[PDB]
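Going down the list, the sequences are from chains T, O, C and L.
Numbered by PDB author numbering, the letters in the first sequence go through residues 1 to 119 in order.
Numbered by PDB author numbering, the letters in the second sequence go through residues 1 to 115 in order.
Numbered by PDB author numbering, the letters in the third sequence go through residues 1 to 246 in order.
Numbered by PDB author numbering, the letters in the fourth sequence go through residues 1 to 83, 89 to 150 in order.
C-beta atoms are modelled at their ideal positions from N, C-alpha and C, and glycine is treated no differently.
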Amino acid sequence: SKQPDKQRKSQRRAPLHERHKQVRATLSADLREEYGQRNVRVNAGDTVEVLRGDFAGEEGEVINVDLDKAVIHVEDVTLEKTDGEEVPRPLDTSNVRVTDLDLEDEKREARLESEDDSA
Amino acid sequence: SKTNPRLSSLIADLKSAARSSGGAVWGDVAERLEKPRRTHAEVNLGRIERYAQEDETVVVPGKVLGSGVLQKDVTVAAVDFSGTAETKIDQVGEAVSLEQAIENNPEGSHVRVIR
Amino acid sequence: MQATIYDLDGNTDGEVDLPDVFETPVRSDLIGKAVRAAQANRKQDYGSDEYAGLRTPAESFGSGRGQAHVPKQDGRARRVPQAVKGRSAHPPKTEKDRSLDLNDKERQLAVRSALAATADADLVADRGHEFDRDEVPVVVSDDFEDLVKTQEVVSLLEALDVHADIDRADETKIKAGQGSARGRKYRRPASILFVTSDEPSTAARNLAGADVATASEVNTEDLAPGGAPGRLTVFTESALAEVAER
Amino acid sequence: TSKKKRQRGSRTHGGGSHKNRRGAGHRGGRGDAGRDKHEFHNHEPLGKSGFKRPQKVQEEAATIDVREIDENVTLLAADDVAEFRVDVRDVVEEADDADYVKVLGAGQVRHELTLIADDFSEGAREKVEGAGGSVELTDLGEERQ
RNA sequence: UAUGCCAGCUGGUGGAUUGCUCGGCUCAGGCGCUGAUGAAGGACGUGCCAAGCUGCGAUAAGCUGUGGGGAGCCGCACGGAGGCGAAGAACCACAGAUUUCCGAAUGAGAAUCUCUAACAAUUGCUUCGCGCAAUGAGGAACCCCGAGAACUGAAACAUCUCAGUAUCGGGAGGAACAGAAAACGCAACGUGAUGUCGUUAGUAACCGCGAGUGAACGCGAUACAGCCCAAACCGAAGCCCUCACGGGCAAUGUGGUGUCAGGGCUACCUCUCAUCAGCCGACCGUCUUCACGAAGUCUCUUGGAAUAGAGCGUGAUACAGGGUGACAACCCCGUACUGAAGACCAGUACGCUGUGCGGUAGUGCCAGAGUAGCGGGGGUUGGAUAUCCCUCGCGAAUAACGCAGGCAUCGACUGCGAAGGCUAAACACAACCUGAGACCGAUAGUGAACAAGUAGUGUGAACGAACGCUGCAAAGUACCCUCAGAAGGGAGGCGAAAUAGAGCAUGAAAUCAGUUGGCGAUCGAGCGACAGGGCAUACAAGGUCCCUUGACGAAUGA
RNA sequence: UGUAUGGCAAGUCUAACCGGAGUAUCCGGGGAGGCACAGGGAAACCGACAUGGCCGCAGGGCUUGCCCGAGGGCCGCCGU
Ligand SMILES: [Cl-]
Ligand SMILES: [Cl-]
Ligand SMILES: [Cl-]
Ligand SMILES: [Mg+2]
Ligand SMILES: [Mg+2]
Ligand SMILES: [Mg+2]
Ligand SMILES: [Mg+2]
Ligand SMILES: [Mg+2]
Ligand SMILES: [Mg+2]
Ligand SMILES: [Mg+2]
Ligand SMILES: [Mg+2]
Ligand SMILES: [Mg+2]
Ligand SMILES: [Mg+2]
Ligand SMILES: [Mg+2]
Ligand SMILES: [Mg+2]
Ligand code: NA
Ligand code: NA
Ligand code: NA
Ligand code: NA
Ligand code: NA
Ligand code: NA
Ligand code: NA
Ligand code: NA
Ligand code: NA
Ligand code: NA
Ligand code: NA
Ligand code: NA
Ligand code: NA
Ligand code: NA
Ligand code: NA
Ligand code: NA
Ligand code: NA
Ligand code: NA
Ligand SMILES: [Sr+2]
Ligand SMILES: [Sr+2]
Ligand SMILES: [Sr+2]
Ligand SMILES: [Sr+2]
Ligand SMILES: [Sr+2]
Ligand SMILES: [Sr+2]
Ligand SMILES: [Sr+2]
Ligand SMILES: [Sr+2]
Ligand SMILES: [Sr+2]
Ligand SMILES: [Sr+2]
Ligand SMILES: [Sr+2]
Ligand SMILES: [Sr+2]
Ligand SMILES: [Sr+2]
Ligand SMILES: [Sr+2]
Ligand SMILES: [Sr+2]
Ligand SMILES: [Sr+2]
Ligand SMILES: [Sr+2]
Numbered sequence: 001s002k003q004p005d006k007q008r009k010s011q012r013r014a015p016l017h018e019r020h021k022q023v024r025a026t027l028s029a030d031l032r033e034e035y036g037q038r039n040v041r042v043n044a045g046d047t048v049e050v051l052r053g054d055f056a057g058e059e060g061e062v063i064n065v066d067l068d069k070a071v072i073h074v075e076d077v078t079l080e081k082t083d084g085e086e087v088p089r090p091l092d093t094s095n096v097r098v099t100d101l102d103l104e105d106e107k108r109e110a111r112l113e114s115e116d117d118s119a
Numbered sequence: 001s002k003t004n005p006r007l008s009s010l011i012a013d014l015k016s017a018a019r020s021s022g023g024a025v026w027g028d029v030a031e032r033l034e035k036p037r038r039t040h041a042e043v044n045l046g047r048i049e050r051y052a053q054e055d056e057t058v059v060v061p062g063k064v065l066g067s068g069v070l071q072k073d074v075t076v077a078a079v080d081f082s083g084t085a086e087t088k089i090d091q092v093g094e095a096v097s098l099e100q101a102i103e104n105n106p107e108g109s110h111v112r113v114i115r
Numbered sequence: 001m002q003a004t005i006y007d008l009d010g011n012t013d014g015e016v017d018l019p020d021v022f023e024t025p026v027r028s029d030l031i032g033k034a035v036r037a038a039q040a041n042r043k044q045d046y047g048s049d050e051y052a053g054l055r056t057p058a059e060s061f062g063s064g065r066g067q068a069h070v071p072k073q074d075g076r077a078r079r080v081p082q083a084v085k086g087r088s089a090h091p092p093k094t095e096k097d098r099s100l101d102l103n104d105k106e107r108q109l110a111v112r113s114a115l116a117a118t119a120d121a122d123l124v125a126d127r128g129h130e131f132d133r134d135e136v137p138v139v140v141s142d143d144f145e146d147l148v149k150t151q152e153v154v155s156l157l158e159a160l161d162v163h164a165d166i167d168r169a170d171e172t173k174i175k176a177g178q179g180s181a182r183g184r185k186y187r188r189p190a191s192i193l194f195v196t197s198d199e200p201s202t203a204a205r206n207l208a209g210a211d212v213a214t215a216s217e218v219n220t221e222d223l224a225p226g227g228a229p230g231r232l233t234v235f236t237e238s239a240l241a242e243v244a245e246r
Numbered sequence: 001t002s003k004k005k006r007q008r009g010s011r012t013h014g015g016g017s018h019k020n021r022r023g024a025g026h027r028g029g030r031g032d033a034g035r036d037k038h039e040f041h042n043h044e045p046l047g048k049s050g051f052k053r054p055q056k057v058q059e060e061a062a063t064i065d066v067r068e069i070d071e072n073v074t075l076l077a078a079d080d081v082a083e089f090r091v092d093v094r095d096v097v098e099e100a101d102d103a104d105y106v107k108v109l110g111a112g113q114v115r116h117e118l119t120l121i122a123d124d125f126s127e128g129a130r131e132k133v134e135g136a137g138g139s140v141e142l143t144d145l146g147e148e149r150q
C-alpha cells in the first residue's frame with residue numbers, strides 16, 4: 001500500500017519472524033565484497049560502528065537485539081541513570097554499520113555465502 | 001466576458017482599425033462580438049446569395065453556415081465558417097477571415113454587413 | 001515546416017516535415033477545459049454515513065422545563081445538526097455526480113492545440129521548462145525505443161541540451177496541509193514528456209518529473225500538465241508521424 | 001462571485017420575512033395543488049379531448065421537400081445523371102423505419118428532375134412538372150385509388 | 001486611601017488552537033455458506049505472580065507433523081522470580097490432536113445445573129432393530145414465497161397517494177429467481193429460451209380524467225444452450241441394499257422406445273458424429289501471498305540529533321509509500337524487472353468412449369381436465385371491454401383438435417401447442433480478503449482512534465457516554481535537609497528543553513492569585529464614536545511634531 | 001425553463017457496451033436512441049415564402065443632399 005497509515009501499521013504489527021528485517025544494518029565495504037550483500041540482520045555477536053547518534057563514531061560488540069522494539073544494545077553505548085548505574089541507550093540498526101560478523105551458526109554462515117539467498 | 005483568447009484578440013484588432021483608420025464597420029462588428037454569443041450571427045448561404053453583390057465584401061459579425069446555394073462571385077468575411085460553408089463559398093467566390101479583411105481593408109470601405 | 005531528427009549521439013541525422021497539427025492555434029482555454037475534465041473524472045465518490053447521528057430514539061420534551069425543544073436521550077442532546085454528535089445537515093453525498101462531460105470534437109481540438117503548443121520554444125520556456133535550444137519539439141530516431149538504461153537516456157538528453165529540465169524536476173516539495181496524512185506528502189515539477197510509438201520508454205520513465213507516452217494515446221494532460229500548454233517534449237521519428245492524424 | 005456565495009450574513013437569503021420559507025404552504029400546496037382553484041392561472045383547462053388510434057394501426061411517413069433535393073443535385077453525384090433522376094427512397098434518412106416516403110413541395114425546383122417516391126403532394130408535382138420534370142410513383146405508391 | 005473600575009505583567013485554571021494519526025467514512029476488485037462429525041452465540045474455567053483484553057479448553061496464551069523462518073523467545077504489557085531455544089525455540093503456512101457446561105440442543109428436567117441409557121420430535125428406507133438416513137439452528141445484506149399499515153400527498157377528504165413501502169410469517173443459495181413459446185404481432189417473404197444494462201418513454205395505458213400513477217413489442221449491448229418425462233409401441237428385459245450370501249422394490253409397470261427438426265406402428269433409402277450417459281481434464285487470466293532486487297550513510301558549517309545549507313559522488317525497467325534523533329531514489333523496509341505458490345475461473349473448455357442424426361410412403365395409434373372457457377364476488381395491475389391472481393358456481397374438444405394475434409361472435413389469414421420436468425453463463429449483496437481517496441482529523445469522523453456496545457440507566461423490551469500526544473534516549477529524578485510522612489516542600493541530578501516530571505507537545509478565551517500603570521471614598525447609569533487635555537511608555541516593526549517669520553492664499557471678509 | 005461561456009452546425013450528442021492502454025484517468029470504436037431539420041387536424045387525411053411590395057436603424061456608396069439598405073417594422077401570399 002502507498003497509504004502511510006497502512007505502511008506504519010504493517011511495520012508496527014508485523015509478526016516476530018517478519019521483525020527480523022527491522023533490525024538489519026548495512027555491511028562494511030570489505031564484508032559487502034566478501035558476501036555480496038549490502039546489509040545483514042545484526043546479531044548479538046556482531047561488532048558494529050555507530051554512524052549517526054550522539055555516539056556516532058563509536059565501535060562495540062552488540063550485547064542485545066530486541067525484535068519487539070526493533071532496537072539493539074551495543075557495548076559502552078550507555079546512559080548514566082541518576083543512581084549512577086550505566087544503562088544501555090538503544091540504537092536503531094539503520095544508524096549503525098556492521099564491521100565484524102559472528103559466524104558460529106552454521107545456518108547463518110550458509111545464508112551469507114549462498115548467492116541465491118540473503119541474511 | 002469572453003474566454004476564447006482568439007476572439008478576444010480579433011475584437012481588439014477590429015477596434016484598433018476602427019480608431020486608427022477610417023473604418024466604422026470594424027468598430028460596429030467589434031461591438032456585436034462583445035455582445036452575448038446568442039446574439040451573434042448564424043448565417044446560411046441562401047442569405048448571402050440574396051443580398052450580396054459583386055465587388056462588395058460581405059461582412060458577417062458571426063459565423064457562416066452551409067445551408068442553401070451560393071452562385072455570386074463574392075468575398076465573404078466572417079469570424080468563422082462551417083466546413084461546408086467555406087467549401088461552398090470558395091467554389092464560386094472567396095471565404096475570408098475577419099482578421100484578413102481588417103488588414104486588406106482597414107478603412108472598411110465597400111462592404112455590406114450581413115446577418 | 002521541418003523538424004530535425006537526432007541520432008542517439010546527439011548529432012543531426014536528416015529531417016522530416018513537422019506535421020500540420022503543430023500549426024494548430026494554441027487554445028489554452030480549451031486545453032484547460034480538457035485537463036479539468038480528465039482530472040475530475042478520476043475523482044472518487046465519497047460521503048458520510050447516511051445514518052450518522054440518526055441512531056438514537058432521542059426526543060424533545062417540548063415546553064415546560066425551561067429548555068430548548070432539542071431532542072435528548074439520557075440527558076444529552078442528539079440527532080439535530082446543532083447538537084454535538086448530531087447529523088450533518090448537508091454533508092458530502094455519494095450520489096453526487098463528480099464527473100465532467102466534454103464533446104469529443106472539443107476534446108480532440110484540445111489535444112491538437114496542446115500538441116501544437118509543443119512546437120513553440122517561447123511557450124515551452126514560458127511554461128517553466130529549463131533548456132538551451134531553438135528547435136522544439138525535440139525529434140529523435142526510432143532506435144530510441146531500444147534503449148534500456150536510464151543512464152543512457154540521460155547522456156542523450158545532456159547531448160541535446162535538454163537535461164537541465166530534469167535538474168529542475170529533481171526537487172521534491174513537501175506539501176503544506178493534511179494531504180500528507182492521506183499519502184500526498186510530496187509533489188514535484190513536471191519535466192519532459194517522451195512520446196514513442198510502440199511502447200512507452202521504460203528507460204526514460206524514472207527520470208525526475210518525466211512522463212512517457214505513446215503517439216496513439218498521448219493526451220491533453222501529458223501534453224499540457226495542469227492545463228498549462230507548451231511542455232518540453234521529445235517525439236520519436238515514428239511518433240511524430242503517427243501524431244499527425246490525431 | 002455568485003449569488004449563493006454572497007448570502008452569508010443576509011439572514012434570510014433573499015426570502016424576505018423569515019416567516020416565508022417554511023413548508024409547502026409557501027408554495028400553495030405540493031406539486032400541481034390548486035391548479036383549478038387558487039393557482040388556476042396559466043394552466044391548461046380541465047377535461048378530456050378526442051381519442052387516440054392504436055399505435056400499431058398508425059402510419060408514419062418519411063418526408064422531404066423538393067427544396068432539399070433540388071439544393072443538393074450537384075452534391076448528389078453518387079446518383080443518376082440523365083438529361089437528373091433520383092429515387093427519393095435512397096435520399097431520405099430514416100426511410101426504413103417508416104411506412105413510406107413522401108415528397109412535399111416547399112421551395113423552388115431550379116432543375117429538371119425525375120423523382121421516384123411512394124407519394125407526392127399536389128404542390129410537389131406542379132413544381133416538378135412545371136420545371137420540365139416528371140414524377141414516377143413507386144409500385145408501393147400504387148395506393149392512390 | 002479602604003471596598004473597587006479599566007488595561008497589562010508574572011503564575012495559575014481551562015483545554016481552544018496549530019501540528020500529528022493506531023480510528024472512521026466512501027468507492028473498487030476478489031471471494032462467499034456454516035450446523036446433530038453438535039454450529040453461530042453464551043457461561044465457566046485456563047498464566048509463577050493475573051484484574052481487564054486476546055488466546056486457548058482439564059493436553060486450557062497451549063500439544064503433534066511437514067514446509068518456511070532464524071538467534072532469539074516466554075501475547076496486549078518495558079515487572080520480579082524463573083524458564084525455553086543449535087535436540088534449531090520464537091514466529092508464519094498447511095494439515096492433525098485436544099476441545100469443559102449451556103446453546104437447534106435431541107433421554108428427562110433446570111436462570112449454564114441435575115436426574116436414571118437415550119437421533120427428543122417429525123419423516124424416508126427398512127434386516128421393522130433408531131439398523132441406515134433426512135429435517136431443526138446460524139449468517140452483513142442480497143434472493144424467493146406468503147401477510148400487509150399509517151403518518152403523508154391530494155394544500156380538507158373517502159377512490160387515489162404514501163406503497164405492495166415499514167413491519168410481520170415461511171424458506172434457499174453463493175448467488176437466488178427465470179428459462180427453451182398454446183411467444184412476438186416494427187403484420188411480415190419478419191423475429192426466435194431467460195435474466196440484466198442502455199433506450200423505446202414519462203410514450204401507450206390508469207385516474208374525484210384531480211393530484212398523481214405508468215408498461216411493453218422493438219432496438220443497441222452483456223452472456224449465450226439446450227434438453228428430460230407422460231403416452232403410443234415393447235412388457236420384467238429393471239432398480240436399491242449387501243464383499244458375498246441373501247434381502248427390498250416393481251404388472252397399480254421397474255426398464256426399452258419417445259418428446260413438433262411430432263413421435264409410435266408397417267414398408268422402405270441412407271446414414272450416424274445430433275443428442276444423451278460417462279471418462280479424461282487444462283492453458284490463460286484474476287485475486288492474494290512469497291522469493292530476489294541497484295546506488296553515499298563522504299567533506300565543512302549549524303544542531304541535542306543531519307534527512308538541513310554549501311561542496312563532492314552514485315543508482316535508476318527502481319524519483320510509489322513508510323521507517324530512521326529535522327526536508328532521504330542511493331541509512332533500513334520496500335519500489336521496477338524476473339520468478340514461485342495458493343485460491344477462484346473449473347471438474348468448465350478441448351480431447352475420448354458409447355449411443356446413433358436424418359429422409360419417403362402409408363397409418364383419424366399416442367400427445368398432461370374441474371383444465372380451456374363462462375358466470376357471481378374480491379384483490380392487484382399501466383392493463384384500459386384489452387393485467388395478473390384468489391374465492392364460489394358452472395364447464396369443452398381431442399391434432400380431421402386446440403390456444404393466441406389488446407371488445408364479443410362467425411369466417412379467412414399469421415403464429416403457436418396449455419393444463420408434466422430440468423437447465424450453464426451474463427445481473428444482486430458485502431460477511432470475508434486486498435486495494436484506493438480534491439472524504440473527516442479526536443465536540444470531527446462510526447455510538448466506539450481509549451475498558452466500546454465498555455462504564456452506566458431501566459423489571460424488561462431497550463437505552464448508552466467521556467477519555468488520543470513525556471523524551472533522541474527513561475537518562476522516569478541518586479544523595480541531603482524538612483515533615484506524622486513512599487505525601488508535599490527546599491536544595492540537587494538528567495536532558496536541547498522539566499514552564500518536556502507522568503491526563504507530562506502546543507497551551508487561546510471565560511476566569512483566579514499576586515503585582516504595574518491610569519482613575520478613586522461629593523457623586524450618575526448602553527459602557528462609546530469624533531475633538532481636545534492629564535498622567536504612563538526599553539529596543540524592534542511608525543517618524544514625525546511645536547513656535548518666530550516668510551511665500552501661496554478658495555468661499556468669506558473687517 | 002432562462003442565462004453566460006465554449007465546440008460543432010442543417011445538423012448535433014452519443015447510451016449501455018467493445019478494443020487498447022500508461023488499466024476507475026485516458027486513446028480509439030459504438031449513432032441504439034434523443035433533440036433539431038414542417039406543420040395543421042380529435043381523426044381520417046392533407047401538406048408550406050432558398051422573397052412579391054412599402055418603411056427604415058446600423059453599416060456601405062456618391063459628384064454630400066441622393067443611392068444601396070442585412071437585422072427590424074408594416075403588408076402581401078403560402079400549408080392545414
Ligand atoms: Cl440564415
Ligand atoms: Cl392517433
Ligand atoms: Cl420482431
Ligand atoms: Mg548471500
Ligand atoms: Mg458526528
Ligand atoms: Mg493548516
Ligand atoms: Mg435437556
Ligand atoms: Mg391531505
Ligand atoms: Mg382537489
Ligand atoms: Mg402504483
Ligand atoms: Mg407487447
Ligand atoms: Mg428414456
Ligand atoms: Mg391499488
Ligand atoms: Mg467521537
Ligand atoms: Mg504539556
Ligand atoms: Na444507537
Ligand atoms: Na437554558
Ligand atoms: Na456518484
Ligand atoms: Na426564512
Ligand atoms: Na426497425
Ligand atoms: Na469470501
Ligand atoms: Na489477566
Ligand atoms: Na477448537
Ligand atoms: Na439426526
Ligand atoms: Na428404526
Ligand atoms: Na394539505
Ligand atoms: Na385533516
Ligand atoms: Na382515482
Ligand atoms: Na537512519
Ligand atoms: Na372469477
Ligand atoms: Na399470438
Ligand atoms: Na478527544
Ligand atoms: Na441515429
Ligand atoms: Sr511482541
Ligand atoms: Sr510490546
Ligand atoms: Sr403549555
Ligand atoms: Sr428571492
Ligand atoms: Sr419540517
Ligand atoms: Sr374553479
Ligand atoms: Sr436510426
Ligand atoms: Sr441464444
Ligand atoms: Sr401436450
Ligand atoms: Sr377483433
Ligand atoms: Sr473533548
Ligand atoms: Sr421504567
Ligand atoms: Sr529543582
Ligand atoms: Sr475625596
Ligand atoms: Sr486674496
Ligand atoms: Sr460524435
Ligand atoms: Sr423582412
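I'd like to check one pair, residue j with residue i: are the Cβ atoms closer than 8 Å?
i	j	result
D13(O)	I102(O)	yes
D104(L)	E147(L)	no
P200(C)	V212(C)	yes
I114(O)	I48(O)	yes
Straight-line CA distance for residue i to residue j?
i	j	result
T63(L)	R115(L)	20 Å
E104(T)	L112(T)	12 Å
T26(T)	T78(T)	22 Å
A78(O)	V64(O)	7 Å
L30(C)	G47(L)	52 Å
Excluding sequence positions up to five away, which residues of its chain have a Cβ less than 8 Å from the Cβ of residue i?
i	result
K149(C)	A203
residue 257(C)	This structure does not reach residue 257(C), given that chain C is present from 1 up to 246, and the question cannot be answered.
Every unbroken beta strand (DSSP E) within the segment 35-95 of chain O, with a cutoff of 3 residues, ordered by chain: 41-44, 57-65, 75-81
Contact the segment 215-225 of chain C vs the segment 12-20 of chain L: 3+ CB pairs below 8 Å: In this structure the segment 215-225 of chain C does not touch the segment 12-20 of chain L; the number of beta carbon pairs closer than 8 Å is below three.
Completely contained alpha helix (DSSP H) runs for the segment 6-78 of chain L, where each covers 4 or more residues: 66-70
The segment 79-88 of chain C touching the segment 97-110 of chain C, judged by at least three CB pairs closer than 8 Å: no
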